**Student:** 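For reference, the structure I am asking about is given below.
Here is how names work: the chains are called A, B, and so on, in the same order as the sequence lines, proteins then strands, and each is numbered from 1.
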Amino acid sequence: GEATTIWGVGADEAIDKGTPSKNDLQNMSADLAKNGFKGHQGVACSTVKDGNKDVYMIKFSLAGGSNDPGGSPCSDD
Amino acid sequence: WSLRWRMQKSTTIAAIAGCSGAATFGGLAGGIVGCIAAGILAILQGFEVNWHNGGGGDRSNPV
């Protein structure tokens, strides 16, 4: 295929010493892939949240370019 | 824990390489979608150090 790599450009909103369980991480990843990308190339803007707390912002880019897309993180607080 | 997201750019381009260990968790049954989910998972795990200690960066995963 053309796209061979997925990139995540991130920055921290708040320090959070907690860690999501694998069950939570799996649910987060499945949701975006299935309902957001839907098996196609694209760009998603996201925020990792710990309850009501905004913790991390990540721009996820899936494009034909295997090269680091750079740019700035984007969010969905 | 949750991931709030929105598509900034949506396409119908399906040209995506296959991978090893396509995800079968969360109702996924492998395939390209599973390749993408396994990619996102690795990136989120990588970023735990950055919400724990601060900082940003660009992380990648084969898909």
**Student:** Would you mind reporting whether B:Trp1 and A:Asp16 have side-chain heavy atoms less than 4.5 Å apart?
**Tutor:** yes
**Student:** Less than 4.5 Å to any heavy atom of chain B: does that hold for the side chain of A:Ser61, its backbone, both, or neither?
**Tutor:** neither
**Student:** Looking at every heavy atom in both B:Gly54 and A:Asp12, which two are closest together, and how far apart are they?
**Tutor:** CA-OD2, 4.0 Å
**Student:** Verify, without hydrogens or angle tests, whether B:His52 (side chain) and A:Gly18 (backbone) share a donor-acceptor contact under 3.5 angstrom.
**Tutor:** yes
**Student:** Report which part of B:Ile16 has an atom under 4.5 Å of a heavy atom belonging to chain A: side chain, backbone, both, or neither.
**Tutor:** both
**Student:** Given heavy-atom pairs under 4.5 angstrom as the criterion, report whether the side chain, backbone, both or neither of A:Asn23 touches chain B.
**Tutor:** neither
**Student:** Looking at A:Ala33 and B:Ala37, what are the two nearest heavy atoms and their distance?
**Tutor:** CB-N, 3.6 Å
**Student:** Counting heavy-atom pairs under 4.5 Å with chain A, which one of B:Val33, B:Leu28, B:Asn61 comes out on top?
**Tutor:** B:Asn61
**Student:** Does any heavy atom of chain A fall under 4.5 Å from the side chain of B:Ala14, the backbone, both, or neither of them?
**Tutor:** both
**Student:** Write down the atom of A:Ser29, the atom of B:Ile40, and the distance for their closest heavy-atom approach.
**Tutor:** OG-CG2, 3.7 Å
**Student:** What heavy-atom pair brings B:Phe25 and A:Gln26 nearest, and what distance separates the two atoms?
**Tutor:** CE1-O, 3.3 Å
**Student:** Quick check for you: to the nearest 0.5 Å, what is the distance between B:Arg6 atom CZ and A:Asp77 atom CG?
**Tutor:** 9.5 Å
**Student:** Look only at the side chain of B:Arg59 and the backbone of A:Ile6, and say whether a donor-acceptor pair between them is shorter than 3.5 Å.
**Tutor:** no
**Student:** Counting only non-hydrogen atoms closer than 4.5 Å, does A:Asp50 touch chain B with its backbone (N, CA, C, O), its side chain (CB onward), both, or neither?
**Tutor:** both
**Student:** What part of A:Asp31 is in contact with chain B, defined as an atom under 4.5 angstrom from a non-hydrogen atom: side chain, backbone, both or neither?
**Tutor:** both
**Student:** A:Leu25 versus B:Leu41: any side-chain heavy-atom pair under 4.5 Å?
**Tutor:** yes
**Student:** Is it the backbone or the side chain of A:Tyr56 that comes under 4.5 Å from a heavy atom of chain B, or both, or neither?
**Tutor:** side chain
**Student:** Select one option (side chain, backbone, both, neither) describing which atoms of A:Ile15 are under 4.5 Å from chain B's heavy atoms.
**Tutor:** both
**Student:** Under 4.5 Å heavy-atom distance to chain B, tell me which part of A:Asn27 shows up: side chain, backbone, both or neither.
**Tutor:** neither
**Student:** Under the 3.5 angstrom rule, does the side chain of B:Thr11 hit a backbone N or O of A:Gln41 as a donor-acceptor pair?
**Tutor:** yes
**Student:** Show the nearest heavy-atom pair for residues B:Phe47 and A:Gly10, with the distance to one decimal.
**Tutor:** CZ-N, 3.6 Å
**Student:** Return the option, out of B:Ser60, B:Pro62, B:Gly26, B:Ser10, with the maximum number of heavy-atom pairs under 4.5 Å with chain A.
**Tutor:** B:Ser60
**Student:** Go through the atoms of A:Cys74 and report whether side chain, backbone, both or neither lie under 4.5 Å from a heavy atom of chain B.
**Tutor:** side chain
